[PDB]
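What follows is one structure encoded as structure tokens, with my remarks underneath.
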Protein chains: 2
Amino acid sequence: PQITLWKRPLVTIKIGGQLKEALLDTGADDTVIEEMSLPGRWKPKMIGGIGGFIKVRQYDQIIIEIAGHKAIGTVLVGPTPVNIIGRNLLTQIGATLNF
Amino acid sequence: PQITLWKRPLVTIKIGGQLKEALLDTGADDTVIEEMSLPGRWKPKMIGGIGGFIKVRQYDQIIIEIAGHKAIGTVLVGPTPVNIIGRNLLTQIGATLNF
Ligand SMILES: COc1ccc(S(=O)(=O)N(CC(C)C)C[C@@H](O)[C@H](Cc2ccccc2)NC(=O)O[C@H]2CCC[C@H]3O[C@@H]4OCC[C@@H]4[C@@H]23)cc1
Ligand SMILES: [Cl-]
Ligand SMILES: [Cl-]
Ligand code: NA
């Protein structure tokens with residue numbers, strides 16, 4: 001698909017057996033999901049943006065489905081105000097910015 | 001152009017006759033720039049990102065070139081960690097997300 005940017009580019013994802021809405025976010029290095037349980041090991045991380053830093057849990061090798069496309073990668077879990085699909089997973093679904 | 005996302009989507013902008021680096025950010029509603037001088041009056045705005053909210057100065061109808069494309073629109077100025085081009089100006093330069 002081609003998604004215009006008149007509105008927030010929100011898509012449905014499947015993660016951990018759960019459907020969620022998330023933002024396709026080219027300004028995010030990493031993917032950050034609101035609090036949920038994921039299987040496996042994790043380690044703490046701090047990530048920063050406007051308004052400062054939050055502490056998240058870093059889970060590696062997590063499979064997500066993004067708008068129907070499967071990917072695998074690291075997912076950060078923590079008190080983000082919105083679910084964000086960042087570049088680490090956008091690249092895997094072949095997403096590009098075009099103008 | 002077609003910009004892949006293996007690296008940050010950084011481009012050159014020109015505002016106030018000055019070149020700056022900025023991130024093309026589909027996760028940002030608005031364009032936010034580090035402290036600089038702009039002409040005219042400003043209005044207050046509060047914006048919320050990953051770490052909480054910050055106060056910014058909103059300047060409307062500012063001339064800004066983004067990756068060689070001319071735009072004229074709202075620029076927020078404040079303590080952002082990086083210059084961000086948000087959807088208000090991404091739409092002016094015709095950007096879409098594609099996968
Ligand atoms: C290491 O990996 C990551 C590190 C940081 C982030 S980030 O979420 O902080 N961020 C990085 C930017 C700031 C360099 C990604 C952004 O796209 C962020 C994504 C985002 C979206 C919503 C809530 C929080 C964060 N957008 C954002 O902060 O937007 C705010 C500034 C502009 C005006 C408003 O538009 C947005 O929509 C309305 C509110 C926000 C507000 C994500 C992954
Ligand atoms: Cl990854
Ligand atoms: Cl590619
Ligand atoms: Na893991």
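Note on naming: letters A, B, ... go to the chains in the order of the sequence lines (proteins, then strands), and numbering restarts at 1 for each one. What's counted below: heavy atoms across the whole structure, side chains too, no hydrogens, waters or symmetry copies.
For residues 79-90 of chain A, the salt bridge (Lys or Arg N to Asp or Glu O under 4.0 Å) pairs, not counting sequence neighbours, are A/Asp29-A/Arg87. For the ring-ring contact (aromatic ring centres under 6.0 Å, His included) condition, no pair includes a residue of residues 14-36 of chain A, sequence neighbours left out.
Criterion: ILVMFWY side-chain heavy atoms under 4.5 Å apart, direct or through other members. Under it, A/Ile85 and A/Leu5 are part of a common hydrophobic cluster. When hydrophobic clusters are built by joining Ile, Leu, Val, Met, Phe, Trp and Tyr residues whose side-chain heavy atoms come closer than 4.5 Å, directly or via intermediates, A/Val11 is grouped together with A/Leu97. Hydrophobic clustering (ILVMFWY, side-chain heavy atoms < 4.5 Å, transitive): A/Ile3 and A/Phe99 are in one cluster. Linking ILVMFWY side-chain heavy atoms closer than 4.5 Å, directly or via other members, places A/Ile84 and A/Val77 in two distinct hydrophobic clusters. Residues A/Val56 and A/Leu89 fall into different hydrophobic clusters, defined by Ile, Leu, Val, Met, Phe, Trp and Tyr side chains chained together at heavy-atom separations under 4.5 Å.
Residues B/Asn98 and A/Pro1 have side chains not in contact (no heavy-atom distance under 4.5 Å, counting atoms from C-beta outward). Proximity of B/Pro39 to B/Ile62: side-chain heavy atoms (C-beta onward) are separated by under 4.5 Å at one or more points. Contact of the B/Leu23 side chain with the B/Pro9 side chain is registered, since non-hydrogen atoms from C-beta on lie closer than 4.5 Å.
Taking the six-membered ring where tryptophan is involved, the planes of A/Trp42 and A/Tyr59 are tilted, since the angle between them lies from 30° to 60°.
Across A/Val75, A/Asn83, A/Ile15, a single residue satisfies side-chain contact (heavy atoms from CB on, under 4.5 Å) together with A/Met36, and that is A/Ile15.
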Walk me through whether B/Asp30 and B/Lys45 qualify under side chain to side chain contact (heavy atoms under 4.5 Å, CB included).
CA-CA 11 Å; B/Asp30 317 315; B/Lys45 191 166 194 187; 3.1 Å; yes

Any chance you could lay out the side chain to side chain contact (heavy atoms under 4.5 Å, CB included) test for B/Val82 and B/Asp25, step after step, and finish with the verdict?
CA-CA 11 Å; B/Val82 54; B/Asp25 191 351; over 6 Å; no

Chi angles and distances behind the side chain to side chain contact (heavy atoms under 4.5 Å, CB included) call for A/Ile33, A/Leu38
CA-CA 11 Å; A/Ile33 306 296; A/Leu38 291 175; over 6 Å; no

For salt bridge (charged side-chain N to carboxylate O under 4.0 Å, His left out), just list the numbers for A/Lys20 and A/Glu34, CA-CA rounded to whole Å, side-chain angles, deciding distance to a tenth of an Å, and then say yes or no.
CA-CA 10 Å; A/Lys20 291 183 176 296; A/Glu34 71 206 342; 2.8 Å; yes

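The NZ atom of B/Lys55 lies 13.0 Å from the CD1 atom of B/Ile47; values are rounded to the nearest 0.5 Å. Atom NZ of A/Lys43 is separated from atom CG of A/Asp60 by 5.5 Å, given to the nearest 0.5 angstrom. How far NZ of A/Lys14 is from CD1 of A/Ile63: 11.5 Å, rounded to the nearest 0.5 Å. Taken from CD in A/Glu65 to CD1 in A/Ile13, the straight-line distance is 10.0 Å, to the nearest 0.5 Å. Atoms OG1 and CD, on A/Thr96 and A/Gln2 in that order, are 9.5 Å from each other to the nearest 0.5 Å.
Between the side chain of B/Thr26 and the backbone N or O of A/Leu24, at least one donor-acceptor pair lies under 3.5 Å. A side-chain donor-acceptor contact under 3.5 Å links B/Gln92 to the backbone of B/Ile72.
Around CD of A/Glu35, the count of heavy atoms belonging to other residues, nucleotides or ligands within 6.0 Å exceeds 12. Around CZ of B/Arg8, the count of heavy atoms belonging to other residues, nucleotides or ligands within 6.0 Å does not exceed 12. A 6.0 Å sphere centred on CG of B/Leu10 holds more than 12 heavy atoms belonging to other residues, nucleotides or ligands.
Residues B/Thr31 and B/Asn88 have side chains that bring a donor and an acceptor to within less than 3.5 angstrom of each other.
In plain terms, the two heavy atoms of B/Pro81 and A/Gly49 that are nearest each other are CG-O, 3.7 Å. Scanning all heavy atoms of the two residues, the minimum distance from B/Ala71 to B/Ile66 falls at CB-CD1, 4.2 Å.
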